Each structure stands twice: as C-alpha cells, then as structure tokens.
C-alpha cells in the first residue's frame, strides 16, 4: 500500500538539538522523522489522490473519461451558473469585520502555498497556453461555455497551468502525483520571516546589530515603517499603473501584495517585529542581533498563534470548534504537521468573504478623500495607493470599520474576483477565482464531495432530493445536479462551500470537519508551541494572552481609537475606545538579568 521515501527536492542538511527558535524552514520541529512539516515537501494525503489515469491526469482532462459514468462540467460553467451574482446589495456580514477576511488569508499564507509549475521560462510554455488555448502537459486551460460573454470579449479560454508536484518537476509516471507546499505547515510567521534560508536574511537588517527586519528606505509612513521593496521585474504592482511605477512589497511570503489590504496587514506585522527588537535591546542591552531577532520572531509567532486560535478559529468554526480542537494538552509527537492537500482547498472558503470594494477612513471614520471607496479589482497588486495616497492608517480603519462579504448560496463570489481578477502575468483584469479554484481541485486530483463527507462521517447523497436536503436548498441542488449528474462528481471546493453555515460559525459541517482537523493537528504536533511547557517561561506566558489585534494596531500605527474585538462587526464612535484602555504586551518577563 506503499511509497516509502521519495524525498528528492530537498538538500539533506540535518538537525540542531536546541537551536532555541524554529528553523526558518520548519525542519527539526519533529525529532523522530525531521521533515514532517518542512516547506517544499509534499502536502499530505488524507485520501488516495483521485485522477483520470489513477496517476496524474486531472478529471476533465480527456474528453471521453467520465468520472463515474458522467462527464464533468467546465469550471467556468460551474462558475457562471452557480457562483456569481449581480447585486452587491444586502451582501455584507452584519457581524464580521473586513479584518475577519483579512486574517484568514493571512493565516492561510502562513501555512500553505502550492506554487505553479515553472518548468521553463524561456519557452512557448506560456504563449501556447493563453494565446492559442491549447491543452498540454502543464497547460490545463479553463475553457468557456458557450453563452459565456467572455467568448465575445476575451477569447476561447482563461490560462491555468498545473501546480508544482514533487520528486522532480520533470514529468512522472508510476504511483501518485503530489503537489508541494512551499511554506512551513506550522503557524510560525513564515509569512513575515521566510520559509527558505535564502529569503529569511534578505528580509533581514544584517547591516546593523539591533535585530530588526530591513525596512523601506525609499519611503515612509508617518514615523512608521514600510515593508522593503521587491527586486524582480516584471513587477505587477508596476503594471497596473505604469505611470506611478511603485513596485510590489517584499515579505517572508510571496503573495503579500495580491491586494492592498493584505499588503497592509503584512505591514503591521513587520513594524511589530521591529518594535519588539528595540524594547529588547533596551531591556537586554547585551543580547546580540540574532537574539533580538529570534526572540522577536519567537514572540511574533506566538502572537499569531493566539489571535488565530484564541480569536479567529472560534468564530470560523463556531459550534464545531471544541469537537476538533478541544483545549491544549501539550505536544503529542505522533501527530502529523503536514498541511493536507484538501485543506488548501477547504481554506478558500474565504473567497466567499471578500466584498466588492475597499475604503479609506479618517480620524472620525468617514470618507478619507474624494475617491475613498474603490472597486476591489483596482486594488490587486496596487501598492501605490499606499505610499502615494495616505499610508496604511486609512486602510486599517477600513479593516476595522467595514464588513466582510457573507457567503450566500445565491451570491457566492463577487465579480471583482469572479470576472475581474488580475493574475501576475496576464495583463487584463479579466480572470475568475471560482473557475480557478475548481480547475485546481482537479489538478490536485481531489476526491469528490461524498468521499470527503464519508471521511468526515457525514451522510452522502446520491439523488437530487438527497442533495437538496443536505444543502437545505432546492435550486442550488438542482443546478449542482444538472452540471454534475451525481453528487459524487462535485468538486470539493464549491461542494463544501454550498453547505449552510453551522451555528455561530462561518462554514458548514464538511468544512468545519476538514478545517478543524488540520488546525488541531498543526497545533498538537508543533514542538515550538507557545503553551508547550518549557517553550516559554511562565510569566512570559501570562504576558502573552494579553496580546490582541487591537493592541497590535496601536503599537504600530497612528490609529489611537480601537475596538476591543477586532474581528466582530464594529461601528465608529461606539465600539471604539482609546488605545490606553488597552492591554499591552509587557516585556519585563523576558528581561535577562545576567548581571
């Protein structure tokens, strides 16, 4: 039942038995087997990959290979017939801030990235795909239905190259195909610091001995810092406005500047790392660079662990939260670190949470400027709206005071993402995140919805009437059925996101199971977990759960009016309060009095 050890695309170099902070790459968290959770290793399989040829082809690849006696529908038809909607009225989430969506994507990026297969960038690999719409090797183009307005206006297809798979990249052939996770399965801030050695320290300020990350030198935000600029041309943040020529940011994670709000979130994270490094030299004048770096990094990771598990997860998981993440009993080391392949698809529930616009608010939380509210599709890899139009205070206020979108079975993904997405190399604001999501479950060889329901010990439908009952929705089920003929063929992605949301959560059963199980695991199998006895000192620990995303906002921006609960729905004058009625992270318990 096999496959014992294909551990090729990694340099072997072995461990350090203390090295008091994690390794940048996540290796050595686990002692018995070293790799478990290391970046650039293969996403785990909770179930046998399901492919056309049982090996590598994605269902929907060859015309005449039915999946269970039926042809699978095009991702874009699944998209145009179920996922989109016209009316953005009544779509907001009365009880979740824009920050709710923001943190998700953030946490998302810390745990998993399945990079596109490069396999040649001085090739037609590119032209043959978008330009001529030919399917081949890694060019798995998203074809249009007919009746699809994009026919009359963009062409015959959208681009979609398959994902990086392991062992080589060069073409395999004899047992299953496994995509890679290019970040550390651990919730460890890899998004700020890096997941490769190489990138850790380009992000670092080695030039001086204090322990901070390189901050921008071309530009400032009040007295505050800006992530360091990114090196590579072609740069997409340069492509939306060729006139402004402001490049994308440089961070531990590569997708940082997807949109203005994540870049923004990413900026709060760096300042906090530098902030943590001054207080420390201050207190421990003798500790060297490395030490204020790993110990900052060390607090920063802990911080991200508590907001996510103490503030975010109970509000995504809702009632399903204890059932999979009963409280902390400490490090089990048999537990698996590895982000699972399906998690990478389950976590994209967040796509239903992005609204169609973003705002900039001023000190009384009102339209900062004339053109303050903007269409999301004008913010993709848009960095200039930050350094040349107001800094991040304005945007953090929108994060604090606007609302997320709410999944609606009749309004799944907003057209800013569904018909107008921008993709780093394809010049038009014309793509679709829904179609792409669907083409990819197949690319990753996902098992259908019922395999996953079975797996979660959930009932599995086989008829319209059955599918209806579970989705508590009749025409959704009727549409779903007409495209798929059997719920067995439904792509895990839309399949899981069509299920009503649980009590007090924001995802359904299927997803709460898949989600819950993963996080339970990245926490229990994490050797550097902040509660993990010994990992922290006890006061150092009483200092920590006093941390808050509201306080994160004060220490690092000139926003002096915050909400006690950053993720809940918050309106200004009212749910706001000055920053001084706020819990600070007191660092006197880190004080080394080696004198």
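Definition used throughout: the rigid core is the maximal C-alpha set that superposes within 1.5 Å between two forms. Residue numbers count along the first chain shown, from 1.
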query: 111-119 against 377-385 - segment lying farther from this form in 9 other deposited structures of this protein (CA RMS, rigid core fit); finding: 111-119
query: Between stretches 125-133 and 514-522, more displaced by Cα RMS in 9 other deposited structures of this protein (rigid core superposition); finding: 125-133
query: Mean C-alpha B-factor comparison - 74-82 and 224-232, higher one; finding: 224-232
query: Segment of higher mean CA temperature factor, 171-179 or 336-344; finding: 171-179
query: Deposited CA B-factor, highest of 125, 520, 97, 356; finding: 125
query: Residue 156 CA temperature factor, ranked by third within the chain; finding: middle
query: Lowest, middle or highest third - CA B-factor, residue 43; finding: lowest
query: Cα B factor band for residue 196 (lowest, middle or highest third within the chain); finding: middle
query: Residue 381 - which third its CA temperature factor falls in, relative to the rest of the chain; finding: lowest
query: Third of chain Cα B-factors occupied by residue 509; finding: lowest
